[PDB]
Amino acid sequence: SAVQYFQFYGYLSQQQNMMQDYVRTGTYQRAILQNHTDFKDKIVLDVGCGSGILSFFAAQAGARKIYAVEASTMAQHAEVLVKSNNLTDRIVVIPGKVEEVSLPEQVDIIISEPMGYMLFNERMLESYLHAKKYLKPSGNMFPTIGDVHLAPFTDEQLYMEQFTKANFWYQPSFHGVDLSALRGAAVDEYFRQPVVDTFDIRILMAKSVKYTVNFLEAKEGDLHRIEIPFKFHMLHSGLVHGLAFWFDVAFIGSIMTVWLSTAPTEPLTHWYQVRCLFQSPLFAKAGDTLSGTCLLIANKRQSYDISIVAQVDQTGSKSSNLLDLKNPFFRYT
């Protein structure tokens, strides 16, 4: 599984999809350049540098030395750009996993873009936290903190999309074959996929709950088990069809704090937003409380198993759901 993961990042087309996200790339450049005193004459570590763009931004801000670590074959293309941009004296590409390379010295700041879709996919936040073994005391992290937001939504047409697709299997005579015994399994398969896509904010039924990872303070092992309790106070009545997810990160520099948001109230990014459907939706009236837990359990496919259990307190009616974050429905395609 890890072989495929790093192969995926060997493609310039993948680098390009990220680089062409202007909200992402421009916000990284702004956060680094407008906090130029965090970089001027400093030593920096770029974790998972890909084509090296963030290391070039650190160099634009005046960093003295940049160690750019890349485990995919993109490392070879980054070295070509460093040479062609006349920066071999200041950016050193170090091919390998950040858990396995040797840096020659400690650094003043770590920069990275370790956010997967739904923030946590790819388990690269752990690689980012692991890299703090190279961080000097009172070194900084860019990004510094990450906020996940979760909110209940109603979207009857998205929900019905599922049974539309699964009812293919409810055919007693597909070319003379009765498929119908697999209908439950087909339904389960579709509902186990998080839906990656943007949406209209009018589906949202309550103010979001916020869960914060402080990258300066967190330890790698803190991300193996992510328990997110929630109690939503429903602002609207309706059928709750699942939970919507987005994230923000903040670059807390000495001059200013810069925010990168993937919220559905903000311009679209290449991360879109994520929705986890409930195979059994819950009825809530405005004023009701929808409470439960979203538990994310790290797995051996660079991702998480998602367990979401929710109940409406006034009614006792409950819904429990398992999703496989590694294998979502990229509905925006």
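Each residue number is its position in the shown sequence, starting from 1.
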Taking the mean of the C-alpha B-factors per stretch from the entry, tell me the winner out of 226 to 234 and 180 to 188. 226 to 234
Selected stretch [higher average CA B-factor]: 270 to 278 or 284 to 292: 284 to 292
C-alpha B-factor winner, where the candidates are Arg202, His175, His241, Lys132: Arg202
Top Cα B factor in the deposited entry, candidates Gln157, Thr154, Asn214, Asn86: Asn86
For the chain shown, is the CA B-factor of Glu105 in the lowest, middle or highest third of its modelled residues? highest
Where does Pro143 sit by CA temperature factor within its chain: lowest, middle or highest third? lowest
According to the PDB entry, is the CA B factor of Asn167 in the bottom, middle or top third of its chain, that is, lowest, middle or highest? highest
If you rank every modelled residue in this chain by C-alpha B factor, which third holds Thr262: lowest, middle or highest? middle
On the chain's distribution of Cα B-factors, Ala63 falls within the third called highest
